[PDB]
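Values quoted throughout were computed directly from the atomic coordinates according to the rules given, and no laboratory measurement underlies them. In this analysis, Cβ positions are derived from the backbone assuming ideal geometry, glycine residues included, and neighbour counts consider all displayed protein chains.
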Amino acid sequence: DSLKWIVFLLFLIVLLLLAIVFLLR
Amino acid sequence: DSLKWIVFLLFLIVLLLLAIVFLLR
Amino acid sequence: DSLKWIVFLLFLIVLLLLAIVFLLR
Amino acid sequence: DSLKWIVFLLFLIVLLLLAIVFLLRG
Amino acid sequence: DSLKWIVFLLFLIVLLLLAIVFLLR
């Protein structure tokens, strides 16, 4: 489903932003 | 429904971006 | 509604990304 | 509509992330 | 299709965040 695609991509984005947050510090 | 998950993940993304802003500042 | 809150959060995300670009410039 | 607003915001986000990439690369 | 545009833009965002992480490391 399109909304499930959106949720999965947003979860990937959350993971990548967490990685960036911990790469900065 | 997945609108709730979308809003939850967008909220997480806002929090992570604000964290990045404070880390850069 | 959920759509309005999604738009609001994406607007916040754009603002935070502008803050990031400004801090990086 | 709200879907077009979301598309505009996501496109601006893509452009800003491209700006960040172009800033970090060189 | 608007949802297709949303999914594709989020996929591009995932790719760009991947590139950002790769440049940060």
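Figures for the structure shown
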{"item": "Scan of the range D:8-22 for residues that are touching a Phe, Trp or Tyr at 6+ places or on another chain (Cβ under 9 Å) and surrounded by fewer than 16 Cβ atoms within 10 Å (Cβ to Cβ), ordered by number", "result": "D:11"}
{"item": "Selection count, the range D:2-26, where residues are more than 8 Å from chain E (Cβ to nearest Cβ) and within 20 Å of residue E:4 (Cα to Cα)", "result": "6"}
